[PDB]
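Have a look at query-v9.cif below; it lists mmCIF, C-alpha atoms and all ligand atoms.
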data_data
loop_
_atom_site.label_atom_id
_atom_site.label_comp_id
_atom_site.auth_asym_id
_atom_site.auth_seq_id
_atom_site.Cartn_x
_atom_site.Cartn_y
_atom_site.Cartn_z
CA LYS V 1 88.62 94.82 118.55
CA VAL V 2 85.58 92.51 118.72
CA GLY V 3 83.49 91.42 115.77
CA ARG V 4 86.16 91.10 113.07
CA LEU V 5 86.19 88.32 110.48
CA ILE V 6 88.82 86.91 108.14
CA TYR V 7 87.47 87.47 104.62
CA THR V 8 88.62 85.34 101.69
CA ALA V 9 87.82 86.61 98.19
CA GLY V 10 88.19 84.84 94.88
CA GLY V 11 90.65 82.07 94.27
CA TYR V 12 91.26 79.19 91.93
CA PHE V 13 90.11 75.60 91.66
CA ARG V 14 89.86 74.39 88.05
CA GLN V 15 88.94 77.99 87.15
CA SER V 16 88.90 81.36 88.90
CA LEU V 17 86.25 81.74 91.58
CA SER V 18 83.87 84.48 92.68
CA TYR V 19 83.46 83.38 96.30
CA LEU V 20 83.50 85.82 99.18
CA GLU V 21 83.47 83.90 102.48
CA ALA V 22 84.28 85.13 105.97
CA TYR V 23 85.55 83.13 108.94
CA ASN V 24 84.91 84.04 112.57
CA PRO V 25 87.83 82.90 114.76
CA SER V 26 85.75 83.43 117.89
CA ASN V 27 83.16 80.76 117.02
CA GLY V 28 84.54 78.73 114.09
CA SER V 29 81.74 79.77 111.74
CA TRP V 30 81.92 80.59 108.06
CA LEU V 31 79.55 82.84 106.14
CA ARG V 32 79.08 82.95 102.37
CA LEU V 33 78.70 86.60 101.34
CA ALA V 34 78.08 88.39 98.07
CA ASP V 35 80.04 86.97 95.15
CA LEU V 36 82.57 89.13 93.34
CA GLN V 37 81.14 90.66 90.19
CA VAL V 38 83.90 88.93 88.15
CA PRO V 39 85.58 85.65 89.22
CA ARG V 40 89.21 86.32 89.99
CA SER V 41 92.31 84.47 91.17
CA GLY V 42 95.73 85.97 91.73
CA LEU V 43 94.16 89.05 93.37
CA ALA V 44 95.01 90.65 96.69
CA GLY V 45 92.71 91.87 99.43
CA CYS V 46 93.08 94.78 101.82
CA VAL V 47 90.94 96.96 104.05
CA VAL V 48 90.75 100.75 104.36
CA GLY V 49 88.11 102.54 106.40
CA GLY V 50 86.28 99.31 107.13
CA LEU V 51 85.78 98.54 103.44
CA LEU V 52 87.26 95.46 101.83
CA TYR V 53 89.04 95.95 98.53
CA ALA V 54 89.76 93.30 95.90
CA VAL V 55 92.69 94.32 93.70
CA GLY V 56 93.81 92.88 90.39
CA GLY V 57 93.99 89.22 89.53
CA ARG V 58 92.88 87.23 86.49
CA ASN V 59 89.67 85.56 85.39
CA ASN V 60 90.64 82.10 84.19
CA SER V 61 87.62 80.47 82.62
CA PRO V 62 87.00 77.74 80.02
CA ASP V 63 86.69 80.60 77.51
CA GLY V 64 90.05 82.21 78.26
CA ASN V 65 92.17 84.30 80.62
CA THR V 66 91.61 88.00 81.28
CA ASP V 67 94.10 89.80 83.54
CA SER V 68 92.40 92.34 85.78
CA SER V 69 93.09 96.02 86.37
CA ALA V 70 90.04 96.14 88.61
CA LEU V 71 89.62 97.60 92.07
CA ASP V 72 86.32 96.68 93.69
CA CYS V 73 85.06 97.60 97.15
CA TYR V 74 82.89 95.44 99.43
CA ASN V 75 80.90 97.14 102.18
CA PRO V 76 80.03 94.74 105.03
CA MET V 77 77.20 97.04 106.09
CA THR V 78 75.37 96.44 102.78
CA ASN V 79 76.82 93.09 101.60
CA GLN V 80 77.40 94.72 98.22
CA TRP V 81 80.38 95.17 95.93
CA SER V 82 80.92 98.44 94.06
CA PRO V 83 83.49 99.16 91.34
CA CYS V 84 86.21 101.70 92.00
CA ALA V 85 88.69 103.36 89.66
CA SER V 86 90.78 100.84 87.77
CA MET V 87 94.56 100.57 87.88
CA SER V 88 96.75 101.76 85.03
CA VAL V 89 97.51 98.20 83.92
CA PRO V 90 96.23 94.66 84.53
CA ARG V 91 98.08 92.91 87.36
CA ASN V 92 97.68 89.17 87.98
CA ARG V 93 99.51 87.55 90.90
CA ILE V 94 99.71 90.97 92.51
CA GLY V 95 100.85 92.11 95.91
CA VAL V 96 99.15 94.88 97.89
CA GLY V 97 99.93 96.90 100.97
CA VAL V 98 98.28 99.84 102.72
CA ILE V 99 100.15 102.87 104.04
CA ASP V 100 98.16 105.55 105.84
CA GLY V 101 94.92 104.79 104.08
CA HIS V 102 96.42 104.45 100.59
CA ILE V 103 96.51 101.19 98.64
CA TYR V 104 99.74 100.23 96.88
CA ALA V 105 99.48 97.76 94.02
CA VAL V 106 102.82 96.10 93.38
CA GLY V 107 104.09 94.11 90.42
CA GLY V 108 102.12 91.26 88.91
CA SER V 109 101.80 89.99 85.36
CA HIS V 110 99.90 90.95 82.23
CA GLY V 111 100.26 88.13 79.77
CA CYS V 112 103.98 87.56 79.39
CA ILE V 113 104.82 91.00 80.86
CA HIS V 114 106.30 90.91 84.36
CA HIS V 115 105.77 94.25 86.02
CA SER V 116 108.16 96.25 88.12
CA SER V 117 105.63 99.10 88.20
CA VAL V 118 103.80 100.19 91.34
CA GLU V 119 100.78 102.46 91.77
CA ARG V 120 98.97 104.07 94.70
CA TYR V 121 95.22 104.49 95.23
CA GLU V 122 93.65 107.40 97.12
CA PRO V 123 90.18 106.27 98.33
CA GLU V 124 89.09 109.83 99.10
CA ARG V 125 89.69 110.91 95.50
CA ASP V 126 89.03 107.49 93.87
CA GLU V 127 92.24 107.89 91.86
CA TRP V 128 95.32 105.81 91.12
CA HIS V 129 98.74 107.24 90.34
CA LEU V 130 102.01 105.52 89.51
CA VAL V 131 104.90 105.75 91.96
CA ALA V 132 108.52 104.64 91.56
CA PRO V 133 108.84 101.13 90.13
CA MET V 134 110.61 98.36 91.96
CA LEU V 135 114.23 97.50 91.24
CA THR V 136 113.11 94.05 90.08
CA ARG V 137 110.20 92.79 88.01
CA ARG V 138 108.14 90.57 90.32
CA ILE V 139 105.00 88.52 89.84
CA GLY V 140 103.72 86.33 92.65
CA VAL V 141 105.28 88.87 95.00
CA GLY V 142 104.40 89.06 98.67
CA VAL V 143 103.83 92.52 100.10
CA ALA V 144 103.49 93.81 103.62
CA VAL V 145 103.71 97.15 105.42
CA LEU V 146 105.50 97.70 108.72
CA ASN V 147 106.12 101.11 110.27
CA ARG V 148 104.86 102.88 107.14
CA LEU V 149 107.46 101.18 104.95
CA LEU V 150 106.37 98.80 102.20
CA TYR V 151 108.16 95.53 101.52
CA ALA V 152 108.09 93.47 98.30
CA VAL V 153 109.34 89.94 98.88
CA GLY V 154 110.19 87.14 96.48
CA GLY V 155 108.26 86.35 93.35
CA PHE V 156 109.21 85.52 89.77
CA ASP V 157 110.88 87.95 87.37
CA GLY V 158 110.10 86.04 84.15
CA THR V 159 113.30 83.94 84.26
CA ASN V 160 114.09 83.13 87.90
CA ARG V 161 112.14 82.72 91.09
CA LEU V 162 113.51 85.10 93.65
CA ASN V 163 114.89 85.14 97.16
CA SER V 164 115.43 88.89 96.90
CA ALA V 165 113.36 91.55 98.62
CA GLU V 166 113.17 95.34 98.62
CA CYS V 167 111.64 98.16 100.60
CA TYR V 168 109.82 101.31 99.47
CA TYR V 169 110.44 104.53 101.41
CA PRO V 170 107.43 106.74 100.61
CA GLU V 171 108.91 110.08 101.61
CA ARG V 172 111.68 109.49 99.10
CA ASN V 173 109.62 107.63 96.48
CA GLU V 174 112.52 105.19 96.37
CA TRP V 175 113.08 101.44 96.55
CA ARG V 176 116.15 99.83 98.10
CA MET V 177 117.10 96.18 98.29
CA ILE V 178 117.01 94.53 101.69
CA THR V 179 118.77 91.38 102.83
CA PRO V 180 117.60 88.46 100.64
CA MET V 181 115.63 85.63 102.19
CA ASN V 182 117.32 82.32 102.84
CA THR V 183 114.91 80.61 100.45
CA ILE V 184 113.67 81.33 96.95
CA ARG V 185 109.92 81.89 97.19
CA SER V 186 107.38 82.66 94.49
CA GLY V 187 103.81 82.83 95.72
CA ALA V 188 104.60 82.95 99.42
CA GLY V 189 102.22 84.40 101.94
CA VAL V 190 103.78 87.63 103.22
CA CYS V 191 102.54 89.53 106.26
CA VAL V 192 103.64 91.59 109.20
CA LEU V 193 103.59 90.49 112.82
CA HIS V 194 105.23 92.48 115.61
CA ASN V 195 108.50 93.86 114.23
CA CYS V 196 108.99 91.31 111.45
CA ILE V 197 107.96 90.60 107.88
CA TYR V 198 107.00 86.93 107.55
CA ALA V 199 107.29 84.88 104.35
CA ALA V 200 105.41 81.59 104.59
CA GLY V 201 105.54 78.83 101.99
CA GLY V 202 105.78 79.48 98.28
CA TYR V 203 107.38 77.72 95.33
CA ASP V 204 111.17 77.64 95.00
CA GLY V 205 111.14 76.48 91.37
CA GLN V 206 111.19 72.80 92.42
CA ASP V 207 108.79 72.22 95.32
CA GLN V 208 106.06 73.89 97.31
CA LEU V 209 107.44 74.92 100.68
CA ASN V 210 106.31 74.58 104.28
CA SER V 211 109.18 76.62 105.66
CA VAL V 212 108.54 80.09 107.11
CA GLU V 213 111.09 82.86 107.71
CA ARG V 214 110.84 86.35 109.15
CA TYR V 215 112.78 89.55 108.49
CA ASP V 216 113.49 91.69 111.54
CA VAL V 217 113.39 95.24 110.19
CA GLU V 218 115.87 96.48 112.81
CA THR V 219 118.51 93.74 112.62
CA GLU V 220 118.04 93.09 108.86
CA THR V 221 118.24 89.32 109.31
CA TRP V 222 115.95 86.55 108.09
CA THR V 223 115.31 83.77 110.59
CA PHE V 224 113.31 80.57 110.12
CA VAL V 225 110.42 79.91 112.51
CA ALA V 226 108.40 76.71 112.91
CA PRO V 227 107.29 75.31 109.53
CA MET V 228 103.63 75.02 108.61
CA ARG V 229 102.06 71.58 108.75
CA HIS V 230 101.36 71.76 105.01
CA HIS V 231 103.52 72.78 102.11
CA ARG V 232 101.66 75.50 100.27
CA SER V 233 102.11 78.03 97.47
CA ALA V 234 99.68 80.68 96.25
CA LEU V 235 98.25 80.82 99.77
CA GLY V 236 96.16 83.50 101.40
CA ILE V 237 97.54 85.10 104.56
CA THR V 238 96.53 87.65 107.15
CA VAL V 239 97.21 88.57 110.74
CA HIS V 240 94.51 88.75 113.37
CA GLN V 241 94.86 89.22 117.12
CA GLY V 242 98.57 88.63 117.09
CA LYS V 243 98.52 85.40 115.09
CA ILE V 244 99.16 84.61 111.43
CA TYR V 245 96.48 82.74 109.49
CA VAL V 246 97.31 80.97 106.24
CA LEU V 247 94.44 79.86 104.00
CA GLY V 248 94.45 77.33 101.22
CA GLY V 249 97.07 77.17 98.52
CA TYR V 250 98.53 74.41 96.41
CA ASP V 251 100.73 71.67 97.90
CA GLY V 252 101.75 69.94 94.66
CA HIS V 253 98.85 67.47 94.81
CA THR V 254 95.79 69.13 96.30
CA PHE V 255 94.22 72.56 96.43
CA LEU V 256 94.12 72.87 100.18
CA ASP V 257 91.11 73.72 102.28
CA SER V 258 93.15 73.91 105.47
CA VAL V 259 93.65 77.06 107.52
CA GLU V 260 96.63 77.08 109.89
CA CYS V 261 97.33 79.62 112.63
CA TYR V 262 100.80 80.63 113.87
CA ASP V 263 101.27 81.62 117.52
CA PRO V 264 104.52 83.61 117.86
CA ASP V 265 104.69 83.12 121.65
CA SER V 266 104.96 79.35 121.39
CA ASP V 267 106.41 79.28 117.85
CA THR V 268 103.84 76.72 116.78
CA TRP V 269 101.26 76.27 114.04
CA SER V 270 97.89 74.67 114.58
CA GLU V 271 95.09 73.74 112.19
CA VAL V 272 92.11 75.88 113.15
CA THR V 273 89.42 75.38 110.47
CA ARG V 274 88.87 74.33 106.88
CA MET V 275 87.53 76.48 104.11
CA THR V 276 84.32 75.32 102.48
CA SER V 277 86.36 74.01 99.52
CA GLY V 278 90.02 73.83 98.58
CA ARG V 279 91.39 76.71 96.53
CA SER V 280 94.55 78.69 95.84
CA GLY V 281 95.23 82.26 94.76
CA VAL V 282 92.80 84.00 97.12
CA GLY V 283 92.84 87.53 98.50
CA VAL V 284 92.45 87.84 102.26
CA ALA V 285 91.86 90.66 104.72
CA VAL V 286 90.21 91.43 108.04
CA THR V 287 87.31 93.75 108.75
CA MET V 288 84.07 93.96 110.68
CA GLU V 289 81.35 91.36 110.29
CA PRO V 290 78.55 92.15 107.85
CA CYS V 291 74.86 92.86 108.28
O1 LIG V 301 106.63 80.95 90.21
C1 LIG V 301 105.68 80.95 89.24
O2 LIG V 301 105.88 80.54 88.12
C2 LIG V 301 104.31 81.51 89.64
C3 LIG V 301 103.79 80.99 90.95
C4 LIG V 301 103.58 79.46 91.06
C5 LIG V 301 103.34 78.90 92.34
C6 LIG V 301 103.13 77.53 92.54
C7 LIG V 301 103.17 76.74 91.42
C8 LIG V 301 103.38 77.23 90.17
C9 LIG V 301 103.60 78.60 89.93
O3 LIG V 301 103.35 76.19 89.30
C10 LIG V 301 103.68 75.12 90.15
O4 LIG V 301 102.99 75.40 91.34
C11 LIG V 301 102.57 81.75 91.52
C12 LIG V 301 102.81 82.70 92.50
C13 LIG V 301 101.77 83.36 93.09
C14 LIG V 301 100.47 83.13 92.69
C15 LIG V 301 99.40 83.84 93.30
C16 LIG V 301 98.13 83.56 92.91
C17 LIG V 301 97.82 82.65 91.92
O5 LIG V 301 96.50 82.48 91.59
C18 LIG V 301 96.14 81.55 90.57
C19 LIG V 301 96.39 80.16 91.11
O6 LIG V 301 96.07 79.92 92.27
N1 LIG V 301 96.92 79.27 90.28
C20 LIG V 301 97.24 77.90 90.62
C21 LIG V 301 97.41 77.13 89.32
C22 LIG V 301 97.79 75.69 89.72
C23 LIG V 301 99.05 75.59 90.60
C24 LIG V 301 99.08 76.52 91.83
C25 LIG V 301 98.54 77.91 91.45
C26 LIG V 301 98.85 81.93 91.29
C27 LIG V 301 100.18 82.16 91.67
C28 LIG V 301 101.27 81.46 91.08
CL CL V 302 97.20 82.32 86.87
CL CL V 303 94.76 95.41 104.91
#
Can I see the file as structure tokens?
Ligand SMILES: O=C(O)C[C@H](c1ccc2c(c1)OCO2)c1ccc2ccc(OCC(=O)NC3CCCCC3)cc2c1
Ligand SMILES: [Cl-]
Ligand SMILES: [Cl-]
Amino acid sequence: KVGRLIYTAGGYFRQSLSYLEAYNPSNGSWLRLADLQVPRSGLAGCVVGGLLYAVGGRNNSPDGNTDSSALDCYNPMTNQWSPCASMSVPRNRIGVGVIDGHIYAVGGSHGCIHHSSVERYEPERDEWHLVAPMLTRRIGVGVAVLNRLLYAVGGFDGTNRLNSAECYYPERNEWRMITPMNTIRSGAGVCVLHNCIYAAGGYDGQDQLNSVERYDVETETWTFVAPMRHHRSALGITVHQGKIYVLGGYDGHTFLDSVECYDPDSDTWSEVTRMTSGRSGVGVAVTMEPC
């Protein structure tokens, strides 16, 4: 359990960013690590076998926008990124989840296309394959895995921002709708903590949100918990040692540098650190500290 850092990859402030920075909750420190090979925002992060993966996104630059089909792998033992097999299609504003060592890439956009497609990466074989598509096209979708079931929450289908959510049952290669959230959320942070799927923040079509709700996978209800201190959309999120961390995002005025931490025992959020600069659209995951 000891020695794990919260890694934040990529993001957006004025343009897409190549930063990889890692926060140590035990001592408050931040480390700047090897930049991504290509600046990306709208990507997702995940970890399999101790390696950090950066999935999808877009490179917004002064010279244009390129949606990414890339999968790149960062090894903390070498502080180096290596390319992996690319996805079938570019996916900006993607959601990712891991089931039993396999990476699922969910939804996202490619230009004006809003994907319902989903694909699964096998690290052993360095191969992607498509699986059943979602019932809804979703970009800016939040994804989390609980009990080897994969949840896709919220997003934007091209016309409407969504309160709907759905679950993927791998042994049946099938998606089914779940109870919709109480709030429309595009670009929420979505994670798992204990027996619930949390959706924090997002954009409802009108305002950036500070509200947070959680789906109990047994009772099939969504319940609001304490709101974050800051409204935020396009935030990074992860869970570490039984607490949710939210990183950055956009509040309607500022690209936030704040990191807040949710304690489920007290049902409270606290501000724990600040990133080195404000940014939105980051990928976040937890793995061992580097060499
Ligand atoms: O619902 C929609 O149309 C899409 C939605 C969105 C959210 C909030 C919004 C907004 C649009 O326009 C008003 O504010 C969204 C959802 C998830 C995202 C995940 C990553 C991401 O990476 C790039 C990035 O960070 N971009 C900045 C640009 C400047 C404003 C904030 C995001 C962008 C995302 C956008
Ligand atoms: Cl974008
Ligand atoms: Cl992960």
### Task
For residue V:2, please output as JSON, numbers by chain all residues within 10 Å (counting only C-alpha atoms; exclusion window: fewer than 6 positions along the same chain).
{"V": [26, 241, 288, 289]}
### Gap from atom CA of residue V:226 to atom CA of residue V:163 - Å, one decimal
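A separation of 19.0 Å between them.
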### Message
For residue V:171, find every residue with an atom within 12 Å (counting all atoms listed in the file), except residues of its own chain fewer than 6 positions away, and show them as a PyMOL selection string.
### Response
chain V and resi 99+131-132+148-150
### Message
For ligand CL 302 (chain V), return the neighbouring residues as a PyMOL selection string (distance at most 9 Å; all atoms listed in the file).
### Response
chain V and resi 12+16+41-42+57-60+65+67+92-93+281
### Message
Counting only C-alpha atoms and all ligand atoms, what are the residues, protein, DNA or RNA alike, that approach ligand LIG 301 (chain V) to within 9 Å? I want them as a ChimeraX atom specification.
### Response
/V:11-16,40-44,57-58,60,92-95,108,139-142,155-158,160-162,185-189,202-208,232-236,249-252,255,279-283
